[PDB]
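Let me begin by presenting the structure, written as structure tokens, before commenting on it.
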Amino acid sequence: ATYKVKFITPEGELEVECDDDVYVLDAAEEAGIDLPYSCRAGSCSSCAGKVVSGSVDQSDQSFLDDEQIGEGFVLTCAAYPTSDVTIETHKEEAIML
Ligand code: FES
Ligand SMILES: [Cl-]
């Protein structure tokens, strides 16, 4: 399966295709979109986003509190789409402060 990932970025809204076993960040980078990252391993705040519609599988992530996952935050370097999904990007600040 291949899913449509819609990114809501501070610059605007863009959609890419992302295979079901490709991390969202990597589909963005493969499309020419520069989204932030640092560890690329699921253990930092840098690539954080917020799921506003649909679902992901981000069981390879460790950094987020279940409160944080329950509120919709996702680590894009560690999240597979499981449906068409819309993600607000550049939410590092919100999962620190
Ligand atoms: S870049 Fe560190 S968790 Fe994604
Ligand atoms: Cl879907």
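Bear in mind these aren't lab numbers, they're just calculated from the coordinates by the rules spelled out. All Cβ positions, even for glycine, are placed from backbone atoms using ideal geometry, and neighbour counts span all protein chains on display.
Can you give the extra length, in nm with one decimal, that the chain gains between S59 and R40 once fully stretched, where that is 0.36 nm per residue apart less the Cα-Cα distance? Kindly include the intermediate steps, with their values, before the conclusion.
Working: separation 19, 0.36 × 19 = 6.84 nm, distance 1.41 nm.
Between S59 and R40, full extension yields 5.4 nm more.
Using helices alone, I'd like the mean residue ellipticity at 222 nm for the chain: each DSSP H run of four-plus residues gives -39500 (n - 2.57), total over residue count, nearest 500.
On the way: 3 runs with 17 residues, N = 97.
When only DSSP H runs of four or more count, the value is -4000 deg cm²/dmol.
For the residues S45, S62, what sequence is obtained by ranking on other C-beta atoms within 10 Å, fewest first? Mind dumping the intermediate values first?
On the way: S45 18, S62 12.
Listed from fewest to most nearby Cβ atoms, that is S62, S45.
With a ≥ b ≥ c the root eigenvalues of the C-alpha gyration tensor of the chain, is it rounded (a/c under 1.5), prolate (a/b larger than b/c) or oblate? Walk me through the numbers on the way to the answer.
On the way: a/c = 1.42, a/b = 1.26, b/c = 1.12.
The shape class here is rounded.
Quick one: Karplus J couplings for segment 7-13, per residue in order, coefficients 6.51, -1.76, 1.60, θ = phi - 60°, nearest Hz, x for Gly and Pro?
9, 9, 9, x, 7, x, 10
For the chain, what relative contact order do you get, as a whole percent, if you take Cα pairs closer than 8 Å and at least 6 residues apart? Walk me through the numbers before you get to the answer.
On the way: 216 pairs, mean separation 36.2, N = 97.
Taking the mean separation of contacting Cα pairs over the length of the chain, I get 37 percent.
Report, in debye and to the nearest 20, how large the dipole of the chain comes out about its Cα centre when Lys and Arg carry +1 and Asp and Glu carry -1 on their Cβ. Before the final figure, lay out the partial values.
Working: 5 positive and 21 negative charges, 28 e Å.
Here the chain has a charge dipole of around 140 debye.
Ranking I87, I33 by Cβ neighbours within 10 Å, fewest first, what do you get?
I33, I87
Could you point to the residue in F63, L14, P81 farthest towards the positive end of the chain's charge dipole, with +1 and -1 charges on the Cβ of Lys/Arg and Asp/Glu respectively?
Ranked along the dipole, the leading option is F63.
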